[PDB]
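Undergrad: Chains as they are written, first to last, in the authors' numbering: chain A, 6 to 454; chain C, 6 to 451; chain E, 6 to 454; chain B, 5 to 174; chain F, 5 to 174; chain D, 5 to 174. Once you've had a glance at the structure underneath, I'll fire off some questions.
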Amino acid sequence: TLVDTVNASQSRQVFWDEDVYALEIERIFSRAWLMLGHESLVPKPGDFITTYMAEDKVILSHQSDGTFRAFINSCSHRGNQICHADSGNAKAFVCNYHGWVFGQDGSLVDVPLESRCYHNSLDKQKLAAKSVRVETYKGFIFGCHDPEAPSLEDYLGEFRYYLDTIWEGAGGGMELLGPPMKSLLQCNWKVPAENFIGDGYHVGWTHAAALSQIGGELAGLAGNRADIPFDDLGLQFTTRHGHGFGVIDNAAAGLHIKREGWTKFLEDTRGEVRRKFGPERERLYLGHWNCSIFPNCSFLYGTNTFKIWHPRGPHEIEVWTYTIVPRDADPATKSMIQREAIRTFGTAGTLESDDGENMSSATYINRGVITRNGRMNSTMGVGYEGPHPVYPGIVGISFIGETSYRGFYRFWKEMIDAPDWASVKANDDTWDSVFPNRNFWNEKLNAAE
Amino acid sequence: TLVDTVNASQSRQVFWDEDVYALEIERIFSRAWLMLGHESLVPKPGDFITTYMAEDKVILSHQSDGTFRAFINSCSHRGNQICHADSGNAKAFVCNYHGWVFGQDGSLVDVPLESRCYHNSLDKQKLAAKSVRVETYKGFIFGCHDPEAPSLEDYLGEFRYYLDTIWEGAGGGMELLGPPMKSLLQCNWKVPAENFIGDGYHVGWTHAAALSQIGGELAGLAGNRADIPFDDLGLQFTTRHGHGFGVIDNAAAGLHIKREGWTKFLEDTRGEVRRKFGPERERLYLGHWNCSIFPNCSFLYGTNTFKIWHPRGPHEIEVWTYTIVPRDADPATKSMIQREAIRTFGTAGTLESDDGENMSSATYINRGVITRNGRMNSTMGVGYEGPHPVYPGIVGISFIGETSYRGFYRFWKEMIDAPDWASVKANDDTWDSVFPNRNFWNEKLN
Amino acid sequence: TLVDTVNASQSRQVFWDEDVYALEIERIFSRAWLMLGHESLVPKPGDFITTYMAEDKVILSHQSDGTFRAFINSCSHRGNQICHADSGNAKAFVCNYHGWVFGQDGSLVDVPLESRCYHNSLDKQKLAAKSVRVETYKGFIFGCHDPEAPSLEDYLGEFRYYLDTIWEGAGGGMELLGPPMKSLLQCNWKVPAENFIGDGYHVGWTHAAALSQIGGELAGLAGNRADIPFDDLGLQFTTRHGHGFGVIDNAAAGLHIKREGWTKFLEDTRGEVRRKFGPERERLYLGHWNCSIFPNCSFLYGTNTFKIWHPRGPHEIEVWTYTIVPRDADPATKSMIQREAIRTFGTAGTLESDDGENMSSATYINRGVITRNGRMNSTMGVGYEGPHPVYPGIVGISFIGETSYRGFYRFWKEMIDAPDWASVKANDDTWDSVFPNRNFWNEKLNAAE
Amino acid sequence: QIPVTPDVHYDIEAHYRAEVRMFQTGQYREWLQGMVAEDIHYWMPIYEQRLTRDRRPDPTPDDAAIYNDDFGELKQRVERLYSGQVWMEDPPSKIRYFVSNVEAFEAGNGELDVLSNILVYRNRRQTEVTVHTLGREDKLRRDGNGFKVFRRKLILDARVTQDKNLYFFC
Amino acid sequence: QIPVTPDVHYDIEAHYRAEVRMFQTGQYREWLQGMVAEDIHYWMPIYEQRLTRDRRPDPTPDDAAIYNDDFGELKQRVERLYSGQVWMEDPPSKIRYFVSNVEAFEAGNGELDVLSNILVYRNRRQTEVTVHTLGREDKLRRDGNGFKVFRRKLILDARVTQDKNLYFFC
Amino acid sequence: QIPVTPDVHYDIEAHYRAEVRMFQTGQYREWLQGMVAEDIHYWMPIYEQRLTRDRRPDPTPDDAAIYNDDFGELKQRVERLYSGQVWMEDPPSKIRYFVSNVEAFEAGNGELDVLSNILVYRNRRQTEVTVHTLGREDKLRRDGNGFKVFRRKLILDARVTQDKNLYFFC
Ligand SMILES: c1ccc(-c2ccccc2)cc1
Ligand SMILES: c1ccc(-c2ccccc2)cc1
Ligand SMILES: c1ccc(-c2ccccc2)cc1
Ligand code: FES
Ligand code: FES
Ligand code: FES
Ligand SMILES: [Fe+3]
Ligand SMILES: [Fe+3]
Ligand SMILES: [Fe+3]
Ligand SMILES: [Zn+2]
Ligand SMILES: [Zn+2]
Ligand SMILES: [Zn+2]
Ligand SMILES: [Zn+2]
Ligand SMILES: [Zn+2]
Ligand SMILES: [Zn+2]
Ligand SMILES: [Zn+2]
Ligand SMILES: [Zn+2]
Ligand SMILES: [Zn+2]
């Protein structure tokens, strides 16, 4: 047993084993929708960015017709990489080896000496670069390798309820700012994934240094004091397709010292958000998030950092750090949020620098044979979770909880066990049977007030 | 086959192959007694040291009661390493991720927000750190993962006869002196293991510069000359559980230039060793040893260097170099032995620096496919050996021999073939059948 | 399929996959004759070099009787490497661990303390360093491991017709000039192999800056412009055992800026070469070659660079660059050719430095799973090829083609599929059936003039 | 554009040598105080790989950057090493700088434009080692019997940082 | 073998520092005319691993060498990088030099024999990094005001070059 | 202690530059005579990874140490390289030092406290390469020729030595 959804525990082979990584690449990264980027990274027709779909290099390009297309960054001639630039504007991509010109959708448009050497016998339509399915959600561009997969709408599914709160907001929505901060971290891709999905428990201990100096609202978390009630101060969420996040109330501009533009933006837009998405989602709109979109995209709403974990084997990843910001926010406010986000969660971040060893140590400790045969515990908040009357999916009582952990590894187990999407789609009705307490929030809300 | 005990030869796959190394980890380092350290490294109650048990990290801790417990250095929550310090004093070990504190025996004593977040719905008895069995022999602490294994004293077995000569001696015994010199050598763990078990043949050739420079009684070995009688100069030994060592007669303080404390200690304590263990073991007490304890510990009594080969895969190891010194020796003598041991066999040792390529080249030459299909030869002095009347186990004629080589790979082959200890324990009365000449020492002495 | 000979395409798994490399090492490097060196590298009795045969370290030595013997550079005692010197003169090789003396033929001749410690019981006859089967052709020394393999002349076969043009020529022949230039390149060994066998197509595109600067005859290739007639400018050949090369007419001393002695040597020797071999091979004698001998030797006659690609796994090689010069040429001309060859195709070569990425990027692009499951095209000039009524094997109309590419991977597929040399030799009469245009050159020659 | 005199070059070399000692010994408060001015702009911009034909301008302080701090925000970074309970850094990682190719130029108004190469070697725990190479561009002014940097631009060589973090001062 | 004076040592140090800046900034044409003589011999011989008992003489210019160029052949190499359009170098590799042990000695005819240690760090693309340790032996003359090298022997440490190429000046 | 003057700092730099050349060329006997005092204490302590709350004293020359030699024991180490037939040194392995951050201070009685960073790059055989970074604390002493070190404390960065050995001076 790699993952135990009933007991809420996982084997240490998940971070270390190379054959498990082979199953992950086949039944997750070559199946589910992966984050390519945003339309702000490729705004004008012709603009493109090279990015990773796990270990596959891909060129996301903004098309001349208006659509967004992506394809594998590899020439059909000898396999050579077509484009090496991180970003730019190009109507056609030329390979550096022989000069095969590729189109904006990866179609082989032209080849040098076609009439002379090839004698026009080269079937260029069959020699197109392996195209990738591209779909957008509120500007955020995703990518998928499986034709039999569902839509990006359905893949997010009930998680769209939450995303709409911030990714639409008061009509403006949000966008990514580049260029990103690329850096290699010697750890498994799931350790930062599980961390950013619902690890409010480490915030007080690991980031006790930074939180104490900054002060404000989040200073009380430092040292893991038992006096402060975390159940009333926050909540946690998890969905059908492994998407989940923790939320801290009234801490949107938490870590920001220079937050005038960002704080005023929320106070001006909270009235519109209360009207659109109700007071239940306005509560989230004013709070600090710690989200991971399955499998390998994470972000912190409020702190406004946006990360994507590109796996490079079972023991290493390449962390791409963007800065997520509102569209309708001022250019000065966007620059302010960028500086504060990078100062906190950049390559030399005041917080991010603390997690460095926490990610690597968990992975490379499994180098020992007796160690990796052991197991991991994710049972924080077992019994105190279930379907909320208002909020969709499963909800936890506190942000310092492991409801998101369980939901992440449950969908992981489902994807790893299932041979195809047809087997996954069959369990749409009975996916949350592993969460036994059904009448939890009914009894809890009746006891309150 | 991997090992041939009859003809005394081994395949080159033993130093290279991945699947063999996977079998080694499981059928050796996860079954045998591995050298963790000594009471001197953790003298007072509360003192601890982080160390290796192969590729597993472990925390050896002196308990408040006095006993010693060891456990895997990994938090039961997410698997993160609990303690990164080499040594120190601690009544509890806190994990750096979320703050899970563990006791001296590796039990989950307390966790932050257990009342609030967990609601006391956490079986902390079952979520303790993976404990390891810990037994000690004359101060020297060992560790074992397999619960079905025998005792440490029985695992040593007939080798205890020899160990008692030096690890008890006059009464005090010996102790390690840290901190150790850690260093990565790109080679298989067996190559140093076989070297220190009984490779006196390489000493005259490889360390011809150091021996000729230092001079003295060990200077004659340099160059490998046939005129000197090696049969009279030393002997070689090997036991049932893979342990073995060579000995040079009256060469204890051979490599030491400054040796007023170490030599005079032996001169004062030799009379006590002669009374207790007799003249047969007095011979060893004055001689320079050359030992390896199976699997992966080794030392040199005389030069007083102590090494443990922690494997990091089939083509890499991490060498921890402690300094083994006598307890009852004076503080000035202990420090003198430490400087001479490091100057000879340290990271920048005058001898150890010569062996660097000899370890690595033997392993990485098997990168080629045609090369690794070849074989190695350990047949120096085959037949010229057998059961000694006085000394237990099997003994060889000269220290320049491969009796310990044969005995090392023989028990190695047995551990690799046996699925459990019951299969190994079955062949206690038929382990030395590979050595044919039983009436060798009976005729030689007559 | 790993290689498709009908459609002329190969899978990208060949550059990347470890199991394919395991087969390559079993079925190609352990079978085929590998280039060890030349007489000139070890000219006198006692002379040796250390070189590789794949990942195996070997010691080639010039014997007392004049013959050449090779053996594995590894001691029979504990495996330790015997000789670390790149070259020298020695009547015996001593292992530095214990001192086991090995002879020139790799026989364990002497052991320290044999009578004393070993008691003369050590069977030295059975403990010789594993000998490699050595054979030579026109000075060039080869090495083989397989006992059932054919002779060196049979292995070359049809290709010797071409080799005799340069490796004998006027009578002098050719020789290698050491010491070589050793350097690691993060790529598969087949990518340089296919490049030097017949990639005239990349010469105009990749080396446009270098060729345009030098000028002369080869300056016209810069940019691969359609105006020029590439068919008349050269040809391309391939043979049974995968040996093949392209030719550029009257461009031998093309890249040589200082070509005084080199061109004068050709002008003096072209007459006797014409009378010996004929005007069809005189054309070759004056032309610029780009050859690869299967599996892993390659050279450029004219520019006079000689390379051997020693594989260090599927994703790495060690390039040994020699300089190939004629025996009868003057010492000043040899040194002039040496400087011009290294300046062009050395470690810091003006041309070779351009190809650095083209080799590595083609290999490491297959790090992604979706990428490496794709395919590579090699259909340039398919159909425009066949058996020549004068030249042996299969010939192509232009040197900018992929006849050699097809023929290289065709024999590669034959070796990887066949379980032994007996199964290979069965295809002696039906190897070039994959080239369907039988009546190509008969129609071409009769239509012309 | 005028290069500084040999005597002035020694003082700038000696200033950086003292500055390196304070980084390695962990005296950041004492560095921030002497060798850093209150109008400091500590800047380490993110250079992305572009084609040479690309006509876009180089990254400005308004664009994304790893470091982009003033004195107050730079002081906040320094206090984490002192007042913070950072578990990664008990004990502190051993760092060692190798400043070279120091070239000062007179920028007028008693201000000096200085260019130099920096090779940072970092060691932590048992076997972890990471190496970084940077191209520093400074503006130093004479303040009392010494120097103080007020503009500082650090150009990283590697696009992808092969390290856990870049939390170290240059 | 007379060591140069401290005043002359700085001028040679400052010359190599200005020389390093030109390689890093990619100003090869100005280097080729301003800091190199027209009778230059740029040489990098191929040393091989021999036994100590071997008595064969060390590599000469007649033997094999990675570099063995005159002035015109150096100009052939420089103009490739400058006017040409190399795809491998679009964009362009980040390079950085770290010169050390600059010991100069006086020779005849106002010439200076200079020994130097060089560490070259090269970065390119996303995660590609390579290091080269090298020993330099030069003969410099005083082109007032001003030095110009006319002999340059580069000694590589590693036998097998762990890099795609060695196409960079020292 | 007060920092040394520019003229004195140059002589110490020139002394170390010469000292490095003697290590690279393999002139260990001439080094020991000229450049080393007869009461030398060559010391390289084995530093341990300890928690910040642990308040044990720093290692001392009678705790474990890799180097802990006097002049007579330094001769033993030098004579191994000369008269000895070490096989790992056929052929002799290449080493290259990069001394930086040299800062001298007047201790007293004609003695100089000198701190400096050292980066050792070692190469041997075909593709074997190892790097070492370490801090050096010296007490130099003036005499007829120039200087002579009588105390030398070398501080290794890495806990676990990623090399076959540390058999090299400084
Ligand atoms: C995961 C990642 C970051 C945080 C977080 C850090 C600081 C302030 C607020 C939340 C919580 C969970
Ligand atoms: C194996 C290892 C070391 C020695 C040895 C070296 C020097 C002095 C005494 C024994 C003998 C065999
Ligand atoms: C393959 C390799 C090299 C060349 C070539 C390069 C320059 C000049 C002449 C031929 C052609 C094909
Ligand atoms: S590899 Fe892209 S053109 Fe040949
Ligand atoms: S991992 Fe050790 S506390 Fe959670
Ligand atoms: S290993 Fe070569 S002689 Fe023992
Ligand atoms: Fe965090
Ligand atoms: Fe030894
Ligand atoms: Fe080319
Ligand atoms: Zn200053
Ligand atoms: Zn500024
Ligand atoms: Zn970096
Ligand atoms: Zn100048
Ligand atoms: Zn010259
Ligand atoms: Zn190099
Ligand atoms: Zn001096
Ligand atoms: Zn001292
Ligand atoms: Zn080191």
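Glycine included, C-beta positions come from ideal geometry on N, C-alpha and C.
Just checking my contact of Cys174(D) with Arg145(D) at CB under 8 angstroms: how many whole Å lie between their CB atoms?
TA: As a working note, residue 174(D) is residue 170 in the sixth sequence. As a working note, residue 145(D) is residue 141 in the sixth sequence. So it is not a contact: roughly 17 angstroms between Cβ atoms.
Undergrad: Is the region 354 to 362 of chain E close to the region 281 to 291 of chain E, with three or more CB pairs under 8 angstroms?
TA: Result no; under three Cβ-Cβ pairs closer than 8 angstroms.
Undergrad: Starting from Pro336(C) and walking both ways along the beta strand (DSSP E), at which residues does that stretch end?
TA: Position 331 of the second sequence, counted from the first residue, corresponds to residue 336(C). Counting along the chain, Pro336(C) falls outside any beta strand (DSSP E), though it belongs to the alpha helix (DSSP H) covering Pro336 to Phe350.
Undergrad: So if I threshold CB-CB distances at 8 angstroms, which residues from the region 162 to 190 of chain C count as touching chain B?
TA: Cβ contacts with chain B come from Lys187 and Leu189.
Undergrad: For the beta strand (DSSP E) that contains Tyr125(B), what are its first and last residues?
TA: Position 121 of the fourth sequence, counted from the first residue, corresponds to residue 125(B). Unbroken beta strand (DSSP E) run through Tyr125(B): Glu115 to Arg128.
Undergrad: Under 8 angstroms: do the region 332 to 347 of chain E and the region 67 to 78 of chain E share three or more Cβ pairs, one atom per stretch?
TA: With a cut-off of 8 angstroms, the region 67 to 78 of chain E and the region 332 to 347 of chain E do not count as touching, because too few Cβ pairs lie within range.
Undergrad: Anything in chain C within Cβ reach of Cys122(E), meaning under 8 angstroms, just list it in chain order.
TA: The sequence position of residue 122(E) within the third sequence is 117, counting from 1. Those within 8 angstroms of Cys122(E) in chain C are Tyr206, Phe235, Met385, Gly386, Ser403, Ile405 and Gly406.
Undergrad: At a CB distance below 7 angstroms, what residues from the region 366 to 382 of chain A approach chain C? Give them in sequence order.
TA: Residues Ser366, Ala367, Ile370, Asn371, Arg372, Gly373, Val374, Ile375, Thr376, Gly379, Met381 and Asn382.
Undergrad: Beta-carbon of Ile70(F) versus every beta-carbon of chain E: anything under 8 angstroms?
TA: Position 66 of the fifth sequence, counted from the first residue, corresponds to residue 70(F). Chain E, which has a Cβ nearer than 8 angstroms to the Cβ of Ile70(F), makes this yes.
Undergrad: Strictly by DSSP, which residues pair up with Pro392(E)?
TA: In the third sequence, counting from the first residue as 1, residue 392(E) sits at position 387. Bridge partners of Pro392(E): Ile399(E).
Undergrad: Closer than 7 angstroms by beta-carbon distance: list the chain A residues that pair up with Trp91(F), in chain order.
TA: Along the fifth sequence, one-based indexing puts residue 91(F) at 87. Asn101, listed in chain order.
Undergrad: Where does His13(D) sit, in a helix, a strand or coil, going by DSSP?
TA: Position 9 of the sixth sequence, counted from the first residue, corresponds to residue 13(D). Helix at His13(D).
Undergrad: Please confirm whether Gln18(A) has its beta-carbon closer than 8 angstroms to some beta-carbon of chain E.
TA: For this step, residue 18(A) is matched to residue 13 along the first sequence. Output row for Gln18(A): interface = no.
Undergrad: Could you name the residues whose beta carbon sits closer than 6 angstroms to any heavy atom belonging to ligand 17, keeping them in chain order?
TA: Spelled out in chain order, the answer is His45(D), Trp47(D), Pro65(D) and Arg155(D).
Undergrad: Rounded to the nearest angstrom, what separates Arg411(C) and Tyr102(E) at their Cα positions?
TA: Taking the second sequence and counting its residues from 1, the one referred to as residue 411(C) is at position 406. Taking the third sequence and counting its residues from 1, the one referred to as residue 102(E) is at position 97. Each residue's alpha carbon lies about 19 angstroms from the other.
Undergrad: Roughly how many whole angstroms lie between the Cα atoms of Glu107(D) and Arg155(D)?
TA: Within the sixth sequence, the letter at position 103 stands for residue 107(D). Within the sixth sequence, the letter at position 151 stands for residue 155(D). Near 16 angstroms, if we compare the C-alpha coordinates of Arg155(D) and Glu107(D).
Undergrad: Considering only heavy atoms of ligand 3, does any lie closer than 7 angstroms to the CB of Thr308(E)?
TA: Counted from its first residue, the third sequence places residue 308(E) at position 303. Correct: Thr308(E) has its Cβ closer than 7 angstroms to ligand 3.
Undergrad: Figure out for me which residue from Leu450(C), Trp172(C), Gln241(C) and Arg32(C) has the closest Cα to the Cα of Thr274(C).
TA: Start at 1 with the first residue of the second sequence, and residue 274(C) comes out as number 269. That would be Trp172(C), whose Cα lies nearest to the Cα of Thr274(C).
Undergrad: Please report the distance separating the alpha-carbon of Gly203(A) from that of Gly249(A).
TA: Here residue 203(A) refers to the residue found at position 198 when the first sequence is read from its first residue. Here residue 249(A) refers to the residue found at position 244 when the first sequence is read from its first residue. Taking the straight line from one Cα to the other gives about 8 angstroms.
Undergrad: On the DSSP bridge assignment, give the partners of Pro7(B) in chain order.
TA: One-based indexing of the fourth sequence puts residue 7(B) at position 3. In the DSSP output, where bridge partners are listed per residue, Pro7(B) has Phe109(B).
Undergrad: Put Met420(E) into one of helix, strand or coil per three-state DSSP.
TA: Position 415 of the third sequence, counting from 1, holds the residue named residue 420(E). If DSSP states are grouped into helix, strand and coil, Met420(E) belongs with the helices.
Undergrad: In the region 255 to 318 of chain C, which residue ranges form an unbroken beta strand (DSSP E) of at least 3 residues, counting only runs that do not cross its ends?
TA: With a minimum length of 3 residues, the continuous beta strand (DSSP E) runs that stay inside the region 255 to 318 of chain C are 293 to 298, 302 to 305 and 310 to 316.
Undergrad: Among the candidates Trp325(A), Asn229(A) and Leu450(A), whose CA atom is the shortest distance from the CA of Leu182(A)?
TA: Against the first sequence, residue 182(A) aligns to sequence position 177. Nearest of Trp325(A), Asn229(A) and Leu450(A) to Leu182(A), Cα basis: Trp325(A).
Undergrad: Output yes if chain C places a C-beta closer than 8 angstroms to the C-beta of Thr134(B); else output no.
TA: Reading the fourth sequence from its first residue, position 130 is the one you call residue 134(B). Taking Cβ atoms only, chain C never reaches closer than 8 angstroms to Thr134(B), which makes this a no.
Undergrad: Could you compute how far the alpha carbon of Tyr327(C) sits from the alpha carbon of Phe311(C)?
TA: By one-based count along the second sequence, residue 327(C) stands at place 322. By one-based count along the second sequence, residue 311(C) stands at place 306. Straight-line Cα distance between these residues: approximately 5 angstroms.
Undergrad: Based on Cα-Cα distance, which residue from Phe145(E), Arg264(E), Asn382(E) and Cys88(E) lies nearest to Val47(E)?
TA: To locate residue 47(E), count along the third sequence from 1; it is residue 42. Of the candidates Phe145(E), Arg264(E), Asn382(E) and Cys88(E), the one whose C-alpha sits nearest the C-alpha of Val47(E) is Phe145(E).
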